[PDB]
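Worksheet for the structure shown next.
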Amino acid sequence: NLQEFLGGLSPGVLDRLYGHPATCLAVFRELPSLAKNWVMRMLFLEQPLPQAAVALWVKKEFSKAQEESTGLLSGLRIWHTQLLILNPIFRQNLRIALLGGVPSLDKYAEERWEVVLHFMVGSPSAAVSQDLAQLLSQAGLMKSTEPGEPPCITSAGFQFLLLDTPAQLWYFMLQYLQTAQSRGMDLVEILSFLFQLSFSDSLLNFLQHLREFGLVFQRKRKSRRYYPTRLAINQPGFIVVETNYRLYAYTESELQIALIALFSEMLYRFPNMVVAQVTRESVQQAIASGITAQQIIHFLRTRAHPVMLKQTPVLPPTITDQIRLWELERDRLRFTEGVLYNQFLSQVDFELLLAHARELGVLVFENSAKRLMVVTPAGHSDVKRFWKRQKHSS
Amino acid sequence: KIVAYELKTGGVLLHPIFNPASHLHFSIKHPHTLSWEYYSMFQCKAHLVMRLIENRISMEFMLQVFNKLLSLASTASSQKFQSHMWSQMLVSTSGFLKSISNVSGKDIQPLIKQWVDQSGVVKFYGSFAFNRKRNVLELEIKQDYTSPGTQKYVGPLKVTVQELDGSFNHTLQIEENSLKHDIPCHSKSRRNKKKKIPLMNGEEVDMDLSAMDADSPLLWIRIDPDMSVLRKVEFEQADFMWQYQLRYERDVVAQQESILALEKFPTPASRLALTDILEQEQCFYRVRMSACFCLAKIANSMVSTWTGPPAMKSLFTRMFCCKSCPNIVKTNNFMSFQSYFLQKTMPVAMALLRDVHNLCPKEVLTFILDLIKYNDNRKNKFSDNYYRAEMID
């Protein structure tokens, strides 16, 4: 979430990111319930106040809200104890932010995201863009390994595909920012634009990428002015599920049919409907590709036709249980690197060695009944030395 | 005794050649210049080297050597010629080796050259590792040959490995550049079924295999079990292997060395092992007398963990006191000669118990004083002087 993204930041980047135009307001809206009230209170105070007052300024009931809000805003570093006055820069910017100093667009965003997903899946016809392809490849959801051949889809790719559009886009933009820092694009400048949307060379490239994603559209041969789409700020279902593992989806866009075929066997395709079967073969194929039953169940539930909304639960218990059992049927091997010792002599002496590999992060599996500790070869030169020291101590 | 003396000061040189031994402060050319401790260790090393010659050339051939010497002497002892033949009553080293070579056809000149003419004992440091993939046991035996009393051994070396399929002997060739010796290991199909594990002798016993490793079949290893060299072994087993070697071995020197090596592992499984040794008649009595002192040392080391009464007290009241009165000792009947020795050695080890304050507990001192007060010896056919003297000790 955006709260996680902002919490994972340093004070030096935080105060700079608190730009005058929008950031002080976008981060304010994040404040879930009560911290808004305290920010408004001590927006006009130039004198810090004791912490005991803030502690006792919430009744005994519902105090956990007080502690959680205080911790969240301490992490955000909106104020400092100074002994709880707010940061002067944030106070000034917030005062400046508080009395101081379309139908075609949504369709465009939908179509652009749909073609992006078409390219993501193995669609022969899709929009071509080398920058988009390499960005998706380095986002961790795609791997090519051969420039001549079109890139394939990794295991995480299917999971990302089956996610809903809001979370899908949000995670995609999170990965975009994380890779922006890697490629060298300043994070603060690009981040501030997202906040400003909900109200330079790097800016131009970032806006180009956003337009490729379909969140914005200049509409004037790439002019300075832009008109953000609905997705920039941040529908009825069509699938009918039977009790015999049969799906009737009122789908005209090929994207939905492809998504359904990812985990179902298609039987018929009518102009305004398509018939598929959820069989062991298709479900286990999806599970092997990497999906888990939770994504499939959530996808079918969110794309649930209004006819089946009346029944509770919306998705039949037999279908849900069958999908879950099919996914459980498979349990899979793992991969790690390690080295094992033996002849550990005294018992109380083996317990002290277990804490050496656990603190360094090179321990995989321990055994106090046989004395059997696995150590990765990456930290083999540090565990052996410790063992030698212990032997010397005797 | 001899490895302690030879590592302490130089070494004992049987058969010197005329100084041959300059590492020690007296001359070994005459018996009246020898130190008395050197004379005692000389006789001790001489009879151990004769046991080694019996190990190479069997005991019946050895008794035939001695009978040939005695028979030459007794044919010599009846002549009247003034020493034409009376010098057959005098033995030498060359005559003894020649009589050995006459009766057996083997000469012992490497063994004589190593253990007589050379004046040193050997030190063995062993450690093992079990290779689960190739099912082998990789021993690692290194010698300390740079100490002042030591020498380098290059002969063969017997090792006895007790695995789940039984006890197997292996001969290792320990040349100068040798360090790793790979010996093969057998199955672990006596852990699949509960079957009895066969021992060094022909018998077999039920073992509790819960402490054993799941991947290794081997229960214990003994480097040079028959004491066929003049050696000091320092083997690094795991503590459960020492406990299995204390419980189920049919060799008293291995039970003694496992008692000696269990003092470094104060775990409660070792306390259970020594307590099961102490309760066990049909164990040799000098092993139980050592297990008393080992149990006292282990009990001193695991204070602030010890649960019930002090060590060996409940065991003393179970073995040697009345059933109706626990604190009154039974009247003295010393006719068993093994529970007499164990009874007179158990409070002596029990008095080495110490509390968290480093003072002997007043539960053991009161127990010893009640052993002294309630002592009645008007009924046995044996005297009480050694038992009362051990009570004062």
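Read-outs throughout are calculated quantities, based only on the coordinates presented, and are distinct from any laboratory measurement. Positions of Cβ are generated from backbone atoms using ideal geometry, with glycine treated the same way; all protein chains shown enter the neighbour counts.
Laid out as a table, the results:
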read-out	value
Subset of segment A:186-207 (residues that are outside any helix (DSSP H, G or I), over 20 Å from the mean Cα position of the chain (by Cα) and farther than 15 Å from A:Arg16 by Cβ)	A:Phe199, A:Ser200
Members of segment B:368-379 found to be touching a strand residue (DSSP E or B) at 6+ places or on another chain (Cβ under 7 Å) and not in a loop (DSSP other than H, G, I, E, B), listed by number	B:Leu371
Tally, over segment A:199-245, of residues that are closer than 30 Å to A:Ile319 by Cα and loosely packed, with under 11 Cβ neighbours inside 10 Å	4
Selection within segment A:116-137 - in a helix (DSSP H, G or I) and surrounded by 14 or more Cβ atoms within 10 Å (Cβ to Cβ)	A:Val116, A:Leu117, A:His118, A:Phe119, A:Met120, A:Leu132, A:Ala133, A:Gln134, A:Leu135, A:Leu136, A:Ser137
Segment B:49-94: number of residues that are loosely packed, with under 11 Cβ neighbours inside 10 Å and hydroxyl-bearing (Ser, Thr, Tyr)	4
Selection count where residues are crowded, with 17+ Cβ neighbours inside 10 Å and away from every other protein chain (no Cβ under 13 Å), scope segment A:345-365	5
Check on B:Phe265, touching an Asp or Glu at 6+ places or on another chain (Cβ under 6 Å) and within 14 Å of chain A (Cβ to nearest Cβ)	yes
B:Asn333, sole failed condition from (1) at negative phi; (2) away from chain A (no Cβ under 14 Å); (3) crowded, with 17+ Cβ neighbours inside 10 Å	(3)
Any hit, segment A:374-388, residues being under 26 Å from B:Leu209 (Cα atoms) and within 14 Å of chain B (Cβ to nearest Cβ)	yes
Hey, B:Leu272 away from chain A (no Cβ under 14 Å) and either within 21 Å of B:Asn131 (Cβ to Cβ) or in contact with a helix residue (DSSP H, G or I) (Cβ under 9 Å, 6 or more places away or on another chain) (or both) or not	no
Total residues in segment B:223-257, condition within 14 Å of chain A (Cβ to nearest Cβ), in contact with a helix residue (DSSP H, G or I) (Cβ under 6 Å, 6 or more places away or on another chain) and of a type in the set (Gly, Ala, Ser)	0
Lone unmet requirement of (1) surrounded by fewer than 18 Cβ atoms within 10 Å (Cβ to Cβ); (2) in contact with a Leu (Cβ under 8 Å, 6 or more places away or on another chain) for A:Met42	(1)
Index of the failed condition, B:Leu24 passing every other in (1) of a type outside the set (D, E, K, R); (2) in contact with a helix residue (DSSP H, G or I) (Cβ under 6 Å, 6 or more places away or on another chain); (3) more than 23 Å from B:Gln109 (Cβ to Cβ)	(2)
Residue pairs meeting the criteria (Cβ under 6 Å; at least 6 apart or on separate chains; first under 13 Å from B:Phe341 (Cα atoms), in segment B:268-297; second assigned to a loop (DSSP other than H, G, I, E, B))	B:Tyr285/B:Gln338
Within segment B:2-81, helices (runs of 4 or more DSSP H) holding 2 or more residues that are basic (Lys, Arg) and under 26 Å from B:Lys123 (Cβ atoms)	B:36-56
Filtered residues of segment B:342-370 (kept if over 19 Å from B:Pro326 (Cβ atoms), under 33 Å from the mean Cα position of the chain (by Cα) and not aliphatic (A, V, I, L, M))	B:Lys344, B:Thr345, B:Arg354, B:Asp355, B:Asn358, B:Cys360
Residue satisfying all of: in segment B:10-48; surrounded by fewer than 17 Cβ atoms within 10 Å (Cβ to Cβ) and among the β-branched types (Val, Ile, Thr); nearest to B:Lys113 (Cα to Cα) among these	B:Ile17
Every pair of residues 6+ apart whose Cβ atoms lie under 8 Å, when the first sits in segment A:77-97 and is farther than 19 Å from A:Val13 by Cβ while the second is hydrophobic (A, V, I, L, M, F, W, C) and part of a strand (DSSP E or B)	A:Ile85/A:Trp79
Residue list for segment A:58-95, filter: surrounded by 12 or more Cβ atoms within 10 Å (Cβ to Cβ) and not in a helix (DSSP H, G or I)	A:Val58, A:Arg77, A:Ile78, A:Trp79, A:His80, A:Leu84, A:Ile85, A:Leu86, A:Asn87
Verdict on B:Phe265 being buried (at least 21 other Cβ atoms within 10 Å of the Cβ), among the hydrophobic types (A, V, I, L, M, F, W, C) and within 30 Å of B:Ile112 (Cα to Cα)	no
Checking B:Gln118 against (1) outside any loop (DSSP other than H, G, I, E, B); (2) away from chain A (no Cβ under 14 Å), the condition it does not meet	(1)
Matching strands (runs of 3 or more DSSP E) fully within segment B:125-217 where at least 1 residues are acidic (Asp, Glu) and either more than 14 Å from chain A (Cβ to nearest Cβ) or in contact with a helix residue (DSSP H, G or I) (Cβ under 8 Å, 6 or more places away or on another chain) (or both)	B:156-163, B:180-184
So B:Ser119, is it surrounded by fewer than 14 Cβ atoms within 10 Å (Cβ to Cβ) and of a type outside the set (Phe, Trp, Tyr)	no
Some residue of segment B:371-390 being within 27 Å of B:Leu262 (Cα to Cα) and out of contact with any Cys (no Cβ under 6 Å at 6 or more places or on another chain)	yes
Matching residues, segment A:152-185, being of a type in the set (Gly, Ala, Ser) and not in a helix (DSSP H, G or I)	A:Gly184
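Listed here are the residues, each with its yes/no results for (1) over 24 Å from B:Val287 (Cα atoms); (2) basic (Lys, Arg); (3) outside any helix (DSSP H, G or I).
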site: B:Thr305; (1), (2), (3): yes, no, yes
site: B:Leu315; (1), (2), (3): no, no, no
site: B:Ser324; (1), (2), (3): yes, no, yes
site: B:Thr366; (1), (2), (3): yes, no, no
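Residue by residue, here is whether (1) more than 14 Å from A:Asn93 (Cα to Cα); (2) touching a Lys or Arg at 6+ places or on another chain (Cβ under 9 Å); (3) exposed (fewer than 13 other Cβ atoms within 10 Å of the Cβ) holds:
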site	(1), (2), (3)
A:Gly8	yes, no, yes
A:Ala22	no, no, no
A:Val27	no, no, no
A:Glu30	yes, no, no
A:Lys36	yes, yes, no
A:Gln51	yes, no, yes
